[PDB]
């Protein structure tokens, strides 16, 4: 369909599979009313590459900011003070797109960008059937969730954000 948005972010490994590393990839993310998908980016040629995953827009229970990790390495750190480059190498503002399998973590290089996305994603998911009301505002890491130490990657959020 149409592309609502398209940006380059740094996403963390969903680690769907056991043997998978916890790592980050620069990916070109798209968004249609249908899905949220991400592809390898072919910078040389300038084009989207091989698809590396999607999440169907309707299976989405929730989308929000995530509490930034405490000691992020520079690729996701906030500087002090050339953007065109930085905006494709430094992604410090994460957010979370949660669904049945768990949460996909996505870092954005600017806030506005993150804002932009969360919002559309919101619009997009407004009438979904499973919009959860409790989420985890912290990352899932090393076996469990910081915020509540629960271990089920798709555990119930330990917090209700209600207006």
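Numbering follows the first chain given and starts at 1.
Deposited sequence between residue 81 and residue 82: 4 to 9 residues lack coordinates. Look at the C-alpha B-factors of 127-135 and of 105-113. On average they run higher in 127-135. Of the two stretches examined, 150-158 and 20-28, the record assigns the greater average C-alpha temperature factor to 150-158. Of the candidates 52, 59, 119, 35, the PDB record gives 35 the highest C-alpha temperature factor.
Sorting the modelled residues of the chain by their CA temperature factor places residue 100 in the highest third. When the modelled residues of the chain are ordered by their C-alpha B factor, residue 144 lands in the highest third. Among all modelled residues in its chain, residue 3 ranks in the middle third by Cα B-factor.
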